[PDB]
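Have a look at the structure below, then the notes.
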Amino acid sequence: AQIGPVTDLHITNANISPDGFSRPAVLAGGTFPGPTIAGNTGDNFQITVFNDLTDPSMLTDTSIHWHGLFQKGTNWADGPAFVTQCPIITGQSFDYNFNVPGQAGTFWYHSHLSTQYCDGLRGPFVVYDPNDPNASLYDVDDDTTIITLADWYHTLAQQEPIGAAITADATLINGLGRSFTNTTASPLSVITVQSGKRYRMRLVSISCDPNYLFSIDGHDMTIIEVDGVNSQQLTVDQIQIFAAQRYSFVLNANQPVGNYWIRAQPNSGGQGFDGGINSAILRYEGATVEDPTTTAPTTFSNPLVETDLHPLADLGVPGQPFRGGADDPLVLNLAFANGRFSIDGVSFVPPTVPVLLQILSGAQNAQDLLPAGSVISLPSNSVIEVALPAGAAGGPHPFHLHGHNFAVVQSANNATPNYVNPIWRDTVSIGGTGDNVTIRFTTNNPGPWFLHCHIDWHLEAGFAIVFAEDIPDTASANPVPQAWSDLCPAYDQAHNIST
Ligand SMILES: *[C@@H]1O[C@H](CO)[C@@H](O[C@@H]2O[C@H](CO)[C@@H](O)[C@H](O)[C@H]2NC(C)=O)[C@H](O)[C@H]1NC(C)=O
Ligand SMILES: *[C@@H]1O[C@H](CO)[C@@H](O[C@@H]2O[C@H](CO)[C@@H](O)[C@H](O)[C@H]2NC(C)=O)[C@H](O)[C@H]1NC(C)=O
Ligand SMILES: [Cu+2]
Ligand SMILES: [Cu+2]
Ligand SMILES: [Cu+2]
Ligand SMILES: [Cu+2]
Ligand code: NA
């Protein structure tokens, strides 16, 4: 069952064995992935998060981010630790009480403390549209049509060296998959379809690191949504999906009744499909209960290319049709050395006082804000351009902006910008050496918004900055509840911190 829009959510420790290997985890709702939180566009969500964690090896504090939801007027509910709140301590709870006006699509939720989401705190978050413009393109859209792709580690996250190339031990599709070494024939996920019906498959990357080459033998996939943004129909036979991205695609169950492999090949870790790694099963009703015998092609003839995507609505691009053609044009210097990432020369290390609380206490320019050099102010009601030139080790880096989606004016592996009709999204691969992936948005959402690589190991190694958008209006725009004001006193008391 789906839960929400008003629900409790308990965060607990438990042993799980999604690839046959038992390890302790940090779980929402007792499962990996966590339960789907859902509602309709414009609903009030009130997710009362109960921190019941006791195992210090995965951290007993927590904080949860609602990935891709803009949080306009509710910056305090966004979730990134030490940017918008102090963590929730064990034995306490916190009501994330917000609204989702003007958004409908496929999202997700995850811990936003350290690398804790890698240890298991990740699940889908769907905002349905009762008047969806894509409704006539499919028959079925429900919890059974959500497909999650996850990396899974046998080593606990707080034992992963900072700044290291950290590699997974299994790919999990809907919570199940097989280990790359010591492979056992543990259960594979099954996605069941009825011959003749059309399905809205909601593909969610809940990855902490790898990108996946996703395909379904014998089938193609018609993209209709990108990171919450409705798209024109684009038919492909393979989707390369980076960490934190989402796609909806129409799956037409138009092949003979049978069993077909679902494939998700990560860029690191186990390569191929030996022993059923990197795999799940598409089963038609009436098929024999047996593994597929299908083959992938040697090459995919119609892979997704990001510049092929275009919004369904006439979204256009803000600003002027050239580089620097914005009110506030920025170029970030993104670098890596000696185990640490930096942005504009500064490696991110979380501050003691959350950025939002520093601003509510009266600090009102970005040079007054901590961490020093990690906060950039943005002016209100202005077109912002951010160029993100690649080259830093550990790529391709999927950059994500909180509080906003953005036009992808230039994509990976293509030097040509698009000022007319590029897709809008919230997480974008910045590509490879010499690329100049560039994003644009307008500043109509006061508050501190994190910008970071969504490979969680890279965020932990400092690959982040904070956009303090419209500092002067942050306090009036974002009234805070008493329970939020109580978080930092409680957290600092529990950890013997003086602030
Ligand atoms: C990426 O595009 C940005 C512009 O969006 C380029 O920024 C210019 O950089 C040069 C020095 O390299 C400066 O003289 C200009 O002031 C910058 N802004 C402009 C021209 O609008 C940046 O060089 C590009 N990077 C790469 C690697 O192609
Ligand atoms: C490289 O990106 C550019 C810009 O998004 C793509 O150019 C567009 O190509 C479409 C499809 O043919 C034309 O309708 C547009 O007029 C082009 N726009 C511009 C600004 O040139 C281009 O197709 C991409 N390259 C590849 C190989 O896909
Ligand atoms: Cu996220
Ligand atoms: Cu986010
Ligand atoms: Cu990265
Ligand atoms: Cu974030
Ligand atoms: Na325009």
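We number each residue from 1, following the sequence as shown. Note: hydrogens, waters and symmetry copies are ignored here, and every other heavy atom, side chains too, is used.
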Dump the intermediate steps for side-chain contact (heavy atoms from CB on, under 4.5 Å) on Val409 and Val317, then the final yes or no. CA-CA 8 Å; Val409 310; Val317 180; 3.9 Å; yes

Do the rings of [X] and [Y] sit parallel, tilted or perpendicular, given the 30° and 60° boundaries?
| X | Y | value |
| --- | --- | --- |
| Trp66 | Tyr96 | perpendicular |
| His112 | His452 | perpendicular |
| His404 | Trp449 | perpendicular |
| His219 | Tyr260 | perpendicular |

Identify which one of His400, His454, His65 satisfies the ring-ring contact (aromatic ring centres under 6.0 Å, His included) criterion when paired with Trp108.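 Only one of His400, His454, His65 forms a ring-ring contact (aromatic ring centres under 6.0 Å, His included) with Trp108, namely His454.
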
Under a 3.5 Å cutoff, is there a donor and acceptor pairing between the side chains of [X] and [Y]?
| X | Y | result |
| --- | --- | --- |
| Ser57 | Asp55 | yes |
| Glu160 | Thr155 | no |
| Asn436 | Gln410 | no |
| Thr235 | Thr222 | yes |
| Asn278 | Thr171 | yes |
| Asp143 | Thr36 | yes |
| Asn252 | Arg198 | no |
| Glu460 | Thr115 | no |
| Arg200 | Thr145 | no |

Stepwise side-chain contact (heavy atoms from CB on, under 4.5 Å) test for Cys208 and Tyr153: CA-CA 10 Å; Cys208 265; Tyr153 302 81; 4.3 Å; yes

Kindly determine whether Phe467 and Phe450 satisfy ring pair (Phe, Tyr, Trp, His ring centres under 6.0 Å), including the steps that lead there. CA-CA 6 Å; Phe467 283 152; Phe450 220 5; over 10 Å; no

Between the main-chain N or O of [Y] and the side-chain N or O of [X], is there a donor-acceptor pair closer than 3.5 Å?
| X | Y | result |
| --- | --- | --- |
| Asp227 | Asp426 | yes |
| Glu469 | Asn444 | yes |
| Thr288 | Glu290 | no |
| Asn13 | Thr54 | yes |
| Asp435 | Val437 | no |
| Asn51 | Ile88 | yes |
| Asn418 | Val420 | yes |
| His458 | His397 | no |

Reference residue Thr106; test side chain to side chain donor-acceptor pair (under 3.5 Å); the match among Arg246, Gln245, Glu225: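 Of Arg246, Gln245, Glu225, side chain to side chain donor-acceptor pair (under 3.5 Å) with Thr106 is met by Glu225 alone.
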
Positive for side chain to side chain donor-acceptor pair (under 3.5 Å) with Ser63, one of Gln85, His110, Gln116: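 Result for side chain to side chain donor-acceptor pair (under 3.5 Å) with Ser63: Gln85.
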
Establish, for the pair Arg122 and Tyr109, whether the NZ or CZ atom is under 6.0 angstrom from the six-membered ring centre and no further than 45 degrees off its axis.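 No, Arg122 does not sit over the ring of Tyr109.
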
Apply ring pair (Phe, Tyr, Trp, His ring centres under 6.0 Å) to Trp152 and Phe32, showing your working. CA-CA 10 Å; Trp152 191 251; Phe32 184 80; 5.0 Å; yes

I'd like to know whether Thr294 forms a side chain to side chain donor-acceptor pair (under 3.5 Å) with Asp217, so could you lay out the CA-CA distance, the side-chain angles of the two residues, the decisive distance to 0.1 Å, and finally the verdict. CA-CA 6 Å; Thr294 59; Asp217 288 355; 2.6 Å; yes

For the pair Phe463 and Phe341, evaluate ring pair (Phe, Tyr, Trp, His ring centres under 6.0 Å) and give the outcome as yes or no after the intermediate values. CA-CA 5 Å; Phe463 211 14; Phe341 290 89; 4.3 Å; yes

From CA spacing to verdict: side chain to side chain donor-acceptor pair (under 3.5 Å), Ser411, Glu306: CA-CA 7 Å; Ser411 293; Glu306 187 174 69; 2.7 Å; yes

Going from CD1 on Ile384 to CD1 on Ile439, what distance comes out if it is rounded to the nearest 0.5 angstrom?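 Separation between the atoms: 10.0 Å.
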
Can you check ring pair (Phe, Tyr, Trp, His ring centres under 6.0 Å) on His67 and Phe107, steps first, answer last? CA-CA 6 Å; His67 180 117; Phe107 305 95; 8.1 Å; no

